[PDB]
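Whatever order the structure lists them in is the order used to number ligands and atoms, beginning at 1. We use all heavy atoms of the structure for the numbers below, so side chains are in, but hydrogens, waters and symmetry mates are not. Below, read A as the first sequence line, B as the second, and so on, with proteins coming before strands; counting in each chain starts at 1.
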Amino acid sequence: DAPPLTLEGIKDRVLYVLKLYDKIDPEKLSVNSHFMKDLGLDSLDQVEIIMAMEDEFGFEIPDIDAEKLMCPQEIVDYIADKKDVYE
Amino acid sequence: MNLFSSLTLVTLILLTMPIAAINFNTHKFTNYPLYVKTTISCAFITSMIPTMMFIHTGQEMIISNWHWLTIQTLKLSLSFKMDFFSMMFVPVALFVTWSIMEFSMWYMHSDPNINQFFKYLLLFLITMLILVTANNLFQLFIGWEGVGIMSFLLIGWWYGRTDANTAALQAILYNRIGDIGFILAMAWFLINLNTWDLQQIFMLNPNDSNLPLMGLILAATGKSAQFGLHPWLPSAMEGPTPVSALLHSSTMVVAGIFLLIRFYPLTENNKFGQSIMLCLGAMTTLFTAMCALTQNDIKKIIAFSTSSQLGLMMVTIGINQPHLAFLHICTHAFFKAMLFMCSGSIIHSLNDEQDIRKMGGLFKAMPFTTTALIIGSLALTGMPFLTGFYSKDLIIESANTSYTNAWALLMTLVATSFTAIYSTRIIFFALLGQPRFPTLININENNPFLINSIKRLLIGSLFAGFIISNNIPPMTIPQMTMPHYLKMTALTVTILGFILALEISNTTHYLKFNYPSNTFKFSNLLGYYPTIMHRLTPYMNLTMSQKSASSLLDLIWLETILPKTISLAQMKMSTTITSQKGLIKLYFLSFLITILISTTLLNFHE
Amino acid sequence: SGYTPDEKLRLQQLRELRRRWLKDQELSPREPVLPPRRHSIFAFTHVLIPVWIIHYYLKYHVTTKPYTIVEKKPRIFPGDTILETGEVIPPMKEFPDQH
Amino acid sequence: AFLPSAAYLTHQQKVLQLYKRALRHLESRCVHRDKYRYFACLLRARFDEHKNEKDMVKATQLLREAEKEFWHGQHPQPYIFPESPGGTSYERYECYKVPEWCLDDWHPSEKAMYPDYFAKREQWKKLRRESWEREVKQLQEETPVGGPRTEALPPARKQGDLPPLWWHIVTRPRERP
Amino acid sequence: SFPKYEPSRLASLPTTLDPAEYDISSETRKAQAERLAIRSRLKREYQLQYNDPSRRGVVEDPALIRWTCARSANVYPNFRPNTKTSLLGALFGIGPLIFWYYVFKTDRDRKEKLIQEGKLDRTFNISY
Amino acid sequence: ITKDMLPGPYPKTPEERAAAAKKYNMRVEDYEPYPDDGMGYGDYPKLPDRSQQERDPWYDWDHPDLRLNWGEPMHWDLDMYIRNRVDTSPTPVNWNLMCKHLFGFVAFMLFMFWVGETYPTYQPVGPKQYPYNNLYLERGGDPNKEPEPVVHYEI
Ligand SMILES: CCCCCCCCCCCCCCCCCC(=O)OC[C@H](COP(=O)([O-])OCC[N+](C)(C)C)OC(=O)CCCCCCCCCCCCCCCCC
Ligand SMILES: CCCCCCCCCCCCCCCCCC(=O)OC[C@H](COP(=O)(O)OCCN)OC(=O)CCCCCCCCCCCCCCCCC
């Protein structure tokens with residue numbers, strides 16, 4: 001039970017959920033693709049991305065932390081810090 | 001005689017021996033939970049022999065083996081009562097507990113305090129078998145308070161959680177409110193019948209038994225979570241799933257029902273106590289099964305299921321059928337512990353997910369849990385010739401064909417439909433449909449501990465109603481002549497509940513979004529009862545505990561009247577006496593006034 | 001907008017120190033360095049010896065006192081034979097047969 | 001309202017938080033995934049309708065009656081994540097989160113069971129006690145007069161320094177000890 | 001339209017349904033910023049002592065000591081005997097004593113009157 | 001700790017109110033004391049009477065179980081408004097509507113139990129018939145007396 005998350009696995013899953021989102025073309029996306037500057041998304045889209053991250057990994061990200069995760073690497077680092085990966 | 005009593009006491013001493021082993025320890029254990037599971041399995045096997053030789057002859061006895069204390073006319077002894085109720089309930093409790101502990105060796109495996117958990121679960125089992133085997137009210141009160149305290153310690157297992165401690169203190173609060181009536185009943189029997197033993201209570205046979213039966217009904221209201229004192233049993237789901245499966249489904253919560261069944265020669269001669277039990281049980285089984293229709297946490301739904309079944313047990317005590325109520329206890333234990341174990345298998349397979357709106361598609365992903373959950377739901381609703389058919393249907397056939405409070409019967413039938421409704425709510429949101437759980441699947445149920453522990457209660461939930469209902473002796477006369485609409489009432493109402501709730505479930509896939517009614521908010525917010533009573537009644541106490549009693553009385557007024565007024569008075573008189581100006585003139589003028597008052601006004605020279 | 005550069009720098013530095021701490025919570029292959037320390041005996045010690053103790057206790061201390069183990073008298077039917085007497089209980093009257 | 005860094009929520013932040021709360025309560029009302037997905041795109045359209053509203057009084061008014069909309073249409077038992085506050089497993093493992101300083105109170109016969117771990121703990125404690133005075137003098141040379149204005153902390157500005165007030169963030173217990 | 005939420009003593013108003021929540025006025029900005037500054041100064045004052053390696057003990061909280069001193073020792077030096085406290089001390093201090101006195105007195109007079117008339121069923125009552 | 005940081009008497013002058021507000025670590029505009037009726041509060045602030053459940057749970061509190069910071073002026077009933085105790089959190093349904101619905105449901109159910117007790121259901125049967133004078137010796141009748149003959153006939 002309870003398989004341990006790694007940085008590579010979390011990165012794969014976050015980029016995987018973002019490659020299934022029809023407002024992001026999956027060839028322009030990288031780990032540092034900023035959602036408002038590089039990917040050109042709405043703040044509503046950023047909220048929906050963080051809610052899909054919550055539905056993916058199973059834990060709520062609070063709004064004071066949700067309104068600041070603006071690239072996928074920030075999301076991977078946040079899930080890493082809140083789940084203590086690479087023990 | 002020598003076989004029966006020996007194996008009777010061997011069961012209890014054998015259950016106490018791992019408590020001595022865990023208290024007399026030095027080493028890190030070579031699987032102490034396997035030791036306790038082997039112990040309870042062998043105690044079940046040992047307890048089956050007095051059960052079988054009770055089935056052969058009806059052999060009952062009383063082991064009053066240790067004289068404890070003689071308060072002048074009250075000889076309190078360690079007195080065990082091996083009658084029908086002990087002889088049937090102790091194997092059922094041991095069998096369920098053996099299943100719960102082989103489940104617990106899987107479920108509580110990540111817990112670093114697993115030995116403390118098995119110790120506490122065995123202490124619960126010891127206190128429950130002190131309760132169900134007791135002959136006097138003091139020893140029954142020992143088992144009563146013991147299962148209450150082990151309920152506290154096992155609800156508040158994860159004690160860094162605020163809600164677990166809150167739920168445990170809530171359970172203690174409601175059970176002490178029941179203990180008011182229990183100690184009322186003990187006081188009545190001591191003062192009026194000079195006894196706590198059941199034999200002298202039954203032989204003196206009191207007629208004016210309104211007040212002790214009201215005390216026993218209050219004790220059963222506290223212990224079996226009846227209406228007025230119900231919400232601690234849905235709060236009690238905050239403890240681990242073996243705790244909710246053993247204690248708060250099948251074994252602990254029947255102790256108030258077992259208390260009123262144990263006093264059946266007094267409830268059979270009191271129509272007012274029967275009407276109180278009937279109305280209270282019908283109220284509880286309506287209210288909790290109505291609350292279960294719209295809940296989303298699966299353990300809350302099964303807790304309202306077991307409280308609705310306890311309300312049904314209180315109903316069938318209220319219609320003067322105590323042995324059918326005890327048969328429904330023994331029947332209910334199997335499938336309700338199994339439904340909680342299936343819920344725990346789902347919760348552990350979905351990574352501590354307990355909500356039914358993040359489930360689904362588990363018909364094939366968890367096939368053994370699906371099979372056992374369907375069999376448990378059909379045993380709950382009263383599928384014919386499963387275990388719940390052999391008591392509950394007969395209960396309905398005795399609740400129809402009797403001089404009954406008709407509104408209580410009608411609410412009992414509405415509750416019977418509601419059972420089918422929430423059972424297929426469980427089946428629809430948990431097993432059927434499509435997945436709603438997160439995307440990393442860790443679904444696995446292939447541990448032989450889990451499989452065998454669900455399997456033995458599955459064999460129970462298939463065959464145990466048949467086997468027990470054909471082994472027990474007749475203690476009443478069964479009503480077996482009734483019209484065809486009245487014989488088919490339980491099955492038809494159950495099928496109509498299934499049909500109506502299938503309609504409700506098929507409307508959930510539709511693209512229609514309505515605002516919720518007051519009926520939904522009443523069924524979902526628990527009849528508004530813990531929202532009111534847990535905010536208002538503590539408030540009115542605690543403010544009175546600080547503004548009135550603490551600050552106003554015992555920091556101000558009781559401090560004002562005796563010590564502060566006296567201290568200020570002596571201070572003021574001290575400042576009057578010593579405020580002299582040192583003038584010799586004034587002191588001698590006071591001396592002359594003294595002599596004049598002494599001679600003329602006081603006459604001290606006559 | 002998201003983080004300031006000071007917040008990104010602080011979270012990166014705290015993240016590096018946290019990952020070093022969590023890595024340093026691991027174990028050595030020698031650790032924990034411990035100090036240097038019959039098939040059915042459960043049916044003998046936990047069952048059979050308590051049956052011996054409890055049978056001795058009930059036979060020579062409990063049943064030797066009155067009314068301590070009081071058994072319900074066995075059920076008697078028409079047609080039985082008493083073991084202590086030999087007195088055959090007479091059977092019931094002939095039935096007015098109903099079917 | 002109540003935030004560590006900011007004194008308030010902006011209007012934009014209030015709209016975002018109402019949007020997320022509305023979608024979570026909608027998912028609580030609209031259990032199945034396709035049905036939720038349909039009504040969630042409809043709610044996204046309802047939020048896209050008044051996106052380009054420049055009158056701040058009108059936008060604040062629309063946010064206020066949207067809050068009243070949400071308060072009428074909320075679920076009585078919304079879905080809470082298990083480790084979210086109000087969850088079933090929320091603060092469950094807090095009884096297992098023993099702090100690090102208790103390792104200082106251990107007996108030397110039970111510290112000798114883990115020689116490498118405590119030998120590695122000693123350099124963490126040494127790093128902390130040599131960084132402490134540098135980070136205190138970093139905090140006092142950078143905090144404005146009248147005390148700090150926000151609860152944010154500066155990072156390590158020099159090479160070799162550690163960020164100020166770092167020990168009970170780094171050495172916090174795990175979520176599953 | 002929609003039913004307005006009616007707040008109570010034990011069910012308060014939500015943060016989002018309060019009309020003062022949407023204040024963009026500069027005086028509320030000053031109040032929120034000054035509360036932020038007080039909270040940040042108290043936070044910094046706490047976690048300087050909390051993160052100290054040399055400190056081994058209890059970070060004393062003068063708010064907590066102040067609360068216990070107000071709950072315990074400050075009550076009598078800020079008491080004044082007036083109309084309100086006298087009526088509440090007579091209502092809550094001797095009122096229930098009078099009430100339970102008359103209840104238990106009436107009950108025991110009734111019981112004793114039944115016993116000395118041979119009316120109370122006291123057939124097996126020999127433990128007292 | 002020393003004398004001028006302990007709670008004192010009720011402030012009347014605005015400089016005493018300002019010194020009290022500085023003592024309790026809060027703004028003068030937010031510092032309301034209890035009304036000076038002589039109940040024993042003194043200068044202690046009337047905090048707005050909320051439970052600690054309503055505090056922001058994702059905020060990093062100095063006391064996370066209590067949801068309370070260090071140095072923050074505690075409520076007078078802080079031991080009462082802990083999360084193990086009395087909650088003031090906003091309810092989905094109005095409080096008066098909850099009270100009316102629960103009282104109506106309980107009163108209506110008790111009224112209908114009284115109605116069904118007044119009008120009970122039964123079966124179209126006579127009394128259950130027992131031999132031997134309604135089982136006179138079995139029900140505890142003394143054998144020296146003799147009951148009146150209770151006779152049941154065939155039908
Ligand atoms: C493995 C270790 C066990 C012992 C190993 C060595 C012995 C091996 C076994 C052989 C048997 C030994 C001899 C027989 C035992 C003694 C027999 C005997 O007559 O003993 C004298 C008596 C028997 O009763 P009694 O009537 O003779 O004397 C009682 C004393 N008076 C009269 C003054 C009141 O005492 C015992 O047997 C004591 C042990 C009793 C066993 C149960 C204890 C339960 C404790 C519960 C505490 C709380 C209870 C409160 C509620 C009570 C109910 C309301
Ligand atoms: C046959 C007859 C049947 C009669 C039935 C009807 C009669 C009884 C009526 C109901 C009375 C009891 C119910 C009211 C009190 C309930 C107290 C309680 O459990 O409160 C729970 C509360 C917090 O729990 P909660 O908010 O629900 O948890 C959510 C998760 N955070 O926890 C707290 O806030 C902690 C509070 C601790 C202090 C409690 C103070 C109040 C104590 C009340 C005692 C009442 C005694 C009555 C005696 C009667 C004698 C005859």
Within a distance under 4.0 Å of any heavy atom of [X], pick out the atoms of ligand 2 and give their elements.
X	answer
B:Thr221	1 (C)
B:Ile217	1 (C)
F:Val86	34 (O)
B:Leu173	17 (C), 39 (C)

For ligand 1, which atoms sit closer than 4.0 Å to a heavy atom of B:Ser77?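 The list of qualifying atoms is 53 (C), 54 (C).
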Which atoms from ligand 1 have a heavy atom of B:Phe138 less than 4.0 Å away?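 Answer for ligand 1: 51 (C), 54 (C).
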Polar side chain donor-acceptor pair, [X] to [Y], under 3.5 angstrom:
X	Y	answer
B:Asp352	D:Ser89	no
B:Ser77	B:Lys75	yes
F:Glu117	B:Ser275	no

[atom]: protein heavy atom closer than 4.0 Å?
atom	result
atom 5 (C) of ligand 1	no
atom 1 (C) of ligand 1	no
atom 15 (C) of ligand 1	yes
atom 35 (O) of ligand 1	yes
atom 7 (C) of ligand 2	no
atom 45 (C) of ligand 1	yes
atom 21 (C) of ligand 1	no
atom 15 (C) of ligand 2	yes
atom 48 (C) of ligand 1	no

Starting from [atom], locate the nearest protein heavy atom and write down its residue, its atom name and how far away it is, to 0.1 Å.
atom	answer
atom 31 (N) of ligand 2	B:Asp163 OD1, 2.9 Å
atom 10 (C) of ligand 2	B:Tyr529 OH, 3.4 Å
atom 27 (O) of ligand 2	B:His534 ND1, 2.5 Å
atom 42 (C) of ligand 2	B:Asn541 OD1, 3.5 Å
atom 41 (C) of ligand 1	C:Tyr57 OH, 4.4 Å
atom 11 (C) of ligand 2	B:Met533 CE, 4.2 Å
atom 5 (C) of ligand 2	B:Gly228 CA, 3.8 Å
atom 13 (C) of ligand 1	C:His61 CE1, 3.7 Å
atom 19 (O) of ligand 2	B:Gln170 CG, 3.4 Å

If you measure from each heavy atom of F:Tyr81 to ligand 2, is any distance below 4.0 Å?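 Checking ligand 2 against F:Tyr81, which is what was asked, there is no heavy-atom contact under 4.0 Å.
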Looking only at heavy atoms of B:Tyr174, does any of them come nearer than 4.0 Å to an atom of ligand 2?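 It does, in that a heavy atom of B:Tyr174 comes within the 4.0 Å cut-off of ligand 2.
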Return the option from [options] holding the heavy atom at the smallest distance from [atom].
atom	options	result
atom 48 (C) of ligand 2	B:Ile177, B:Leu169, B:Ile276, B:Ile180	B:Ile180
atom 51 (C) of ligand 1	C:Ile54, B:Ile142, B:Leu78	B:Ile142
atom 27 (O) of ligand 1	B:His67, B:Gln139, C:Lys65	C:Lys65
atom 11 (C) of ligand 1	B:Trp68, B:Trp66, C:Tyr56	C:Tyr56
atom 36 (C) of ligand 2	B:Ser235, B:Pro538, B:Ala171	B:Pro538
atom 43 (C) of ligand 2	B:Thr537, B:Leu536, B:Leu218	B:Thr537
atom 33 (C) of ligand 2	F:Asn84, B:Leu229, B:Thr166	F:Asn84
atom 8 (C) of ligand 1	C:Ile53, B:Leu137, B:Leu69	C:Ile53

Can you find a pair of side-chain heavy atoms, one from [X] and one from [Y], that are under 4.5 Å apart?
X	Y	answer
F:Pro92	B:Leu525	yes
B:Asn296	D:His75	yes
B:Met314	B:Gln226	yes
B:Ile301	B:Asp297	no

Checking the side chain of B:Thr70 only, and the main-chain atoms of B:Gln72 only, is there a donor and an acceptor separated by less than 3.5 Å?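 Not at all, since once roles are kept as given, no pair shorter than 3.5 Å links the two residues.
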N/O of B:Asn136 under 3.5 Å from N/O of ligand 1, yes or no?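 Checking ligand 1 against B:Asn136, no N or O pair falls under 3.5 Å apart.
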Counting neighbours of CZ on C:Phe42 that are heavy atoms of other residues, nucleotides or ligands and sit closer than 6.0 Å, is the number greater than 12?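 Yes, the 6.0 Å shell around CZ holds more than 12 heavy atoms from other groups.
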On the 0 to 90° scale, with breaks at 30° and 60°, tag the C:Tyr57-C:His61 ring pair as parallel, tilted or perpendicular.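 Ring orientation, 0 to 90° scale: parallel.
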How are the rings of B:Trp68 and B:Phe138 set to each other: parallel, tilted or perpendicular (split at 30° and 60°)?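 B:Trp68 and B:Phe138: parallel rings.
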So, for F:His101 and B:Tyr529, is the gap between ring centers shorter than 6.0 Å?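 No; B:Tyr529 has its ring centre 6.0 Å or more from that of F:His101.
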Do B:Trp196 and B:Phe141 have ring centres separated by under 6.0 Å?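 No.
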Carboxylate-amine/guanidinium contact [X] [Y], below 4.0 Å:
X	Y	value
B:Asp83	B:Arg262	yes
F:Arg83	D:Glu91	yes
B:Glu145	B:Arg176	yes
B:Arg161	D:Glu94	no
E:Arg71	F:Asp79	yes

Within 45° cone and under 6.0 Å: D:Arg92 NZ/CZ vs B:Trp158 ring: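 Yes, cation above the ring, under 6.0 Å and within 45°.
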In this structure, which one of B:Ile63, B:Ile62, B:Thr133 forms a side-chain contact (heavy atoms from CB on, under 4.5 Å) with B:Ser79?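 Answer to the side-chain contact (heavy atoms from CB on, under 4.5 Å) test with B:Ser79 among B:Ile63, B:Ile62, B:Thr133: B:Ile62.
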